[PDB]
């Protein structure tokens, strides 16, 4: 991790949900295209990408090591379990302590039989409008792993729900909330809960920039303005959450660097300063991910 560079707080470089979703677009494995995307990011000052694909989402450590070697970008890999509909059957049968020890080993020993080690517990998720019993179990296991290793936790919210409940659960199990960042806060008008999450001590992410099907970038910007008016940009981080082949520029998509080429300039034009952007893209991630 290079704290002098910009950081994308929630991205995938190799993820394969094509089996779960019966959809080849969800097999993001196009190495040559992704290397070019990483080079594109570097050219605009992004030097860190926090990679959110844990083991059973189709993580590929060797692929990530190869991307770093080809491009020089820093990738922080993760350990964890995703969300209820996607868990392997063994999440149910193994104990909390066993799931925790798995994450600890991925942080301390390495992942996928390589020299690469997990640097964050992520993206650990909850379902839409509820936390299932197995999701609670994963979160409790994540808390244990965080306590043993000190690595921060990055979550998944489904349709921007249950963030406050995730925080309450993690805190109850000894996680200081300054070590938690809540994913996908920008899929709906969500200001009231965002303000409560920031007040509790957590970081929040607008990590679905460009996903306008779900919710317009225009409204993301308005929320960011509300946060800026309140002096809370020091707890906000941004990303694209690239997850699909169709998101890549080589496939006609907007790509990872859309954040810099398109979204940030809209943000600037709407009244943000260079300093405001540096806070969200450099200072916050350097504070949080190290």
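Numbering follows the first chain given and starts at 1.
Could you settle it for me: does 33-41 or 219-227 have the higher average Cα B factor in the PDB entry?
Here the higher of the two C-alpha B-factor means belongs to 219-227.
Give the stretch, out of 128-136 and 190-198, with the larger mean C-alpha temperature factor in the deposited entry.
It is 190-198.
Quick one: which of 116, 162, 141, 121 shows the highest Cα temperature factor in the PDB entry?
Within the set 116, 162, 141, 121, 116 shows the top C-alpha B-factor.
Peak C-alpha temperature factor (PDB record), options 158, 79, 178, 154
When the deposited C-alpha B-factors of 158, 79, 178, 154 are compared, 178 is largest.
Relative to the other modelled residues in the chain, which third contains the C-alpha temperature factor of residue 25: lowest, middle or highest?
Within its chain, residue 25 is a middle-third residue by C-alpha B-factor, going by the deposited values.
Modelled-residue ranking by C-alpha temperature factor, third containing residue 253:
Middle third by C-alpha B-factor.
How does residue 11 rank on Cα B-factor within its chain, lowest, middle or highest third?
Bottom third by C-alpha B-factor.
Once the chain's modelled residues are ordered by C-alpha B factor and cut into thirds, is residue 94 in the lowest, middle or highest one?
Within its chain, residue 94 is a highest-third residue by C-alpha B-factor, going by the deposited values.
Ranked C-alpha temperature factor of residue 148 among modelled chain residues, by third
Highest third.
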